[PDB]
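Student: Sharing data.cif below, mmCIF, C-alpha atoms and all ligand atoms:
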```cif
data_target
#
loop_
_atom_site.label_atom_id
_atom_site.label_comp_id
_atom_site.auth_asym_id
_atom_site.auth_seq_id
_atom_site.Cartn_x
_atom_site.Cartn_y
_atom_site.Cartn_z
CA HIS F 1 41.37 38.84 48.95
CA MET F 2 39.75 42.21 47.98
CA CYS F 3 42.88 44.25 48.35
CA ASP F 4 45.60 41.58 48.10
CA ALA F 5 47.71 43.43 45.58
CA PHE F 6 47.73 46.58 47.83
CA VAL F 7 48.94 44.81 50.97
CA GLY F 8 52.51 45.49 51.99
CA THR F 9 55.00 48.20 52.82
CA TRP F 10 55.52 50.85 50.18
CA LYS F 11 58.02 53.74 49.98
CA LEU F 12 57.47 57.06 48.17
CA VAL F 13 59.70 57.36 45.13
CA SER F 14 58.27 60.33 43.19
CA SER F 15 55.84 63.14 43.64
CA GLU F 16 54.47 65.66 41.19
CA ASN F 17 52.45 68.83 41.83
CA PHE F 18 51.98 68.06 45.53
CA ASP F 19 52.63 71.64 46.62
CA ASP F 20 49.82 72.89 44.35
CA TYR F 21 47.49 70.15 45.60
CA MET F 22 48.22 71.16 49.21
CA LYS F 23 47.63 74.84 48.35
CA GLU F 24 44.25 73.94 46.80
CA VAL F 25 43.35 71.97 49.95
CA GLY F 26 44.23 75.01 52.12
CA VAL F 27 47.47 73.83 53.72
CA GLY F 28 49.56 76.72 55.05
CA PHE F 29 53.09 77.60 54.08
CA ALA F 30 55.12 75.93 56.82
CA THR F 31 53.20 72.69 56.71
CA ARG F 32 53.47 72.58 52.92
CA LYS F 33 57.24 72.97 53.09
CA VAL F 34 57.79 70.27 55.72
CA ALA F 35 55.14 67.89 54.37
CA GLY F 36 56.48 68.29 50.86
CA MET F 37 59.91 67.10 52.01
CA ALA F 38 58.55 63.91 53.54
CA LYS F 39 59.27 60.49 51.99
CA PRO F 40 56.59 58.42 53.68
CA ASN F 41 56.30 54.64 54.11
CA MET F 42 52.66 53.55 53.38
CA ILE F 43 51.81 50.27 55.12
CA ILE F 44 48.61 48.56 53.99
CA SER F 45 47.14 45.52 55.70
CA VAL F 46 43.83 43.70 55.76
CA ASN F 47 42.22 41.65 58.55
CA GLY F 48 38.79 40.37 57.60
CA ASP F 49 36.78 43.32 56.34
CA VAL F 50 38.99 45.89 58.01
CA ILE F 51 41.63 47.62 55.95
CA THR F 52 44.40 49.58 57.69
CA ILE F 53 46.54 52.19 55.93
CA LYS F 54 49.44 53.69 57.89
CA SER F 55 51.62 56.59 56.64
CA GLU F 56 54.91 56.91 58.45
CA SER F 57 57.34 59.73 57.85
CA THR F 58 59.53 62.23 59.55
CA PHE F 59 56.61 64.69 59.33
CA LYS F 60 53.79 62.67 60.82
CA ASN F 61 52.72 59.11 61.56
CA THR F 62 49.10 58.53 60.69
CA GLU F 63 46.81 55.51 60.60
CA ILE F 64 43.29 54.83 59.34
CA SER F 65 41.27 51.66 59.67
CA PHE F 66 38.01 51.26 57.82
CA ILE F 67 35.45 49.04 56.13
CA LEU F 68 34.73 49.74 52.47
CA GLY F 69 31.69 51.93 52.01
CA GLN F 70 31.42 52.85 55.70
CA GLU F 71 32.11 56.48 56.58
CA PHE F 72 34.62 57.32 59.33
CA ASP F 73 36.32 60.24 61.03
CA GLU F 74 39.85 61.03 59.97
CA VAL F 75 42.33 63.65 61.18
CA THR F 76 44.64 64.26 58.24
CA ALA F 77 48.38 64.89 58.42
CA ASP F 78 47.71 68.62 57.94
CA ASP F 79 45.20 68.55 60.81
CA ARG F 80 41.91 68.70 58.91
CA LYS F 81 39.02 66.96 60.64
CA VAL F 82 37.32 65.18 57.76
CA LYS F 83 34.61 62.64 57.10
CA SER F 84 35.99 59.91 54.85
CA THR F 85 34.52 57.12 52.81
CA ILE F 86 36.65 54.60 50.93
CA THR F 87 35.30 52.26 48.24
CA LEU F 88 36.75 49.92 45.67
CA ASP F 89 35.78 50.94 42.06
CA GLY F 90 37.06 48.68 39.41
CA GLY F 91 40.07 47.64 41.47
CA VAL F 92 40.95 51.26 42.52
CA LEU F 93 40.64 52.36 46.13
CA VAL F 94 38.70 55.65 46.01
CA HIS F 95 38.95 57.76 49.19
CA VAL F 96 36.73 60.82 49.49
CA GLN F 97 37.30 63.35 52.31
CA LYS F 98 34.64 65.93 53.18
CA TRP F 99 35.13 68.95 55.47
CA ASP F 100 33.89 72.50 55.66
CA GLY F 101 31.77 72.11 52.50
CA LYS F 102 34.87 71.00 50.55
CA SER F 103 35.85 67.64 49.10
CA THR F 104 39.01 65.92 47.87
CA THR F 105 39.47 62.48 46.36
CA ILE F 106 42.52 60.27 46.68
CA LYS F 107 42.76 57.25 44.36
CA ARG F 108 45.20 54.40 45.00
CA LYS F 109 45.92 51.93 42.21
CA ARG F 110 48.37 49.14 41.43
CA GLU F 111 50.23 49.77 38.17
CA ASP F 112 53.03 47.37 37.27
CA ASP F 113 55.16 47.05 40.46
CA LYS F 114 54.05 50.46 41.74
CA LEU F 115 51.29 51.82 43.86
CA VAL F 116 50.15 55.10 42.30
CA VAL F 117 48.33 57.65 44.43
CA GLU F 118 46.39 60.42 42.67
CA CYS F 119 45.14 63.28 44.81
CA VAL F 120 42.59 65.69 43.32
CA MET F 121 41.25 68.96 44.71
CA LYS F 122 39.01 70.72 42.10
CA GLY F 123 41.16 71.19 38.99
CA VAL F 124 44.46 70.23 40.70
CA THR F 125 45.97 66.75 40.65
CA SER F 126 49.07 65.42 42.35
CA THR F 127 50.56 62.05 41.51
CA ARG F 128 52.65 60.21 44.14
CA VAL F 129 54.37 56.96 43.15
CA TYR F 130 55.32 54.29 45.66
CA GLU F 131 57.42 51.13 45.25
CA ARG F 132 57.74 48.11 47.51
CA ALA F 133 59.97 48.81 50.49
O1 LIG B 201 51.58 61.63 51.33
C1 LIG B 201 50.78 62.59 51.91
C2 LIG B 201 51.23 63.57 52.83
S1 LIG B 201 52.93 63.76 53.26
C3 LIG B 201 53.03 62.80 54.72
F1 LIG B 201 52.62 61.57 54.45
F2 LIG B 201 54.25 62.77 55.11
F3 LIG B 201 52.23 63.22 55.72
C4 LIG B 201 50.25 64.45 53.37
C5 LIG B 201 48.87 64.39 53.02
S2 LIG B 201 47.76 65.55 53.74
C6 LIG B 201 48.12 67.00 52.80
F4 LIG B 201 48.11 66.82 51.46
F5 LIG B 201 47.22 67.95 53.02
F6 LIG B 201 49.33 67.51 53.03
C7 LIG B 201 48.45 63.42 52.04
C8 LIG B 201 47.10 63.27 51.61
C9 LIG B 201 46.80 62.26 50.69
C10 LIG B 201 47.82 61.41 50.21
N1 LIG B 201 49.08 61.57 50.60
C11 LIG B 201 49.41 62.54 51.53
#
```
How does this structure look as structure tokens?
Tutor:
Amino acid sequence: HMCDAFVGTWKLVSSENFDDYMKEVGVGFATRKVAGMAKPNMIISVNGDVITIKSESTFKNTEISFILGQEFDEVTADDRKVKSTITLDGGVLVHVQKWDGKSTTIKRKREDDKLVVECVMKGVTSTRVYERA
């Protein structure tokens, strides 16, 4: 029941400072423009210890499956090859991606009827708000 309140299908309803986050990450111009237009569906499900998070949009369809605390390979929507570890910290899913000596952290939290995603790269934060689909 670890992630019960995350499970479901969620639709992006607002984004703030995502272009600057993508710049900080190293995403190039054309990908930033097309990715920034996307209104993804995030689909979260749990089967035993395995959590699956899908992102579906006109830009890309991606999927990760993982066990909390257990590092995995991830190819991101912008085509980074990263090493990821996801943990639960006080009811927040904390997802750290490492690549090329760099690091970014994505936090996913339930707040009221929303799922709030905070993406941080150094000093730059983007906040993406999802509601139930
Ligand atoms: O919502 C997100 C998109 S847009 C979409 F989903 F359509 F791929 C793209 C990326 S990778 C990038 F930031 F480098 F661009 C995201 C990373 C973390 C959370 N959300 C993300």
Student: Just want the residues within 9 Å of ligand LIG 201 (chain B), written as a PyMOL selection string, counting all atoms listed in the file.
Tutor: chain F and resi 12+15+18-19+21-23+25-27+31-32+34-42+55-62+76-80+105-107+117-119+126+128
Student: Enter the distance from atom CA of residue 67 of chain F to atom CA of residue 110 of chain F, in Å, rounded to one decimal.
Tutor: 19.6 Å
Student: I'd like the neighbourhood of residue 113 of chain F as an MDAnalysis selection string, where a residue qualifies if any of its atoms comes within 10 Å (using only C-alpha atoms), though same-chain residues fewer than 6 positions away should be ignored.
Tutor: chainID F and resid 5 130:132
Student: Nearest residue to residue 129 of chain F out of F:75, F:93, F:116, F:68, using all atoms listed in the file?
Tutor: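 With all atoms listed in the file as the atom set, the closest residue is F:116.
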Student: Taking into account all atoms listed in the file, which residue in the set F:63, F:89, F:16, F:112 is nearest to residue 44 of chain F?
Tutor: F:63
Student: Excluding residue 73 of chain F and residues on its chain fewer than 3 positions from it, collect all residues at most 7 Å away from it, counting all atoms listed in the file, and give them as a PyMOL selection string.
Tutor: chain F and resi 82-84
Student: At what distance in Å, to one decimal, does atom CA of residue 24 of chain F lie from atom CA of residue 90 of chain F?
Tutor: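 Interatomic distance here is 27.3 Å.
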Student: With only C-alpha atoms as the atoms that count, which of F:87, F:104, F:66, F:30 lies nearest to residue 54 of chain F?
Tutor: F:66
Student: Given the choices F:108, F:122, F:114, F:98, which gets closest to residue 74 of chain F if the distance is worked out from all atoms listed in the file?
Tutor: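 Looking only at the distances to residue 74 of chain F, the closest residue turns out to be F:98.
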Student: For a test of reading the model, state the distance in Å between atom CA of residue 133 of chain F and atom CA of residue 9 of chain F, rounded to one decimal.
Tutor: 5.5 Å
Student: Taking 3 positions as the minimum chain separation for residues in the same chain, which residues sit within 12 Å of residue 50 of chain F when counting only C-alpha atoms? Answer as a VMD selection string.
Tutor: chain F and resid 1 to 3 44 to 47 53 64 to 70 86
Student: Could you tell me which of F:29, F:43, F:123, F:101 comes closest to residue 10 of chain F if we count only C-alpha atoms?
Tutor: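 Comparing F:29, F:43, F:123, F:101 against residue 10 of chain F, the winner is F:43.
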Student: May I ask which of the residues F:109, F:127, F:33, F:81 is the closest one to residue 94 of chain F, counting all atoms listed in the file?
Tutor: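 The answer is F:109, which sits nearest to residue 94 of chain F.
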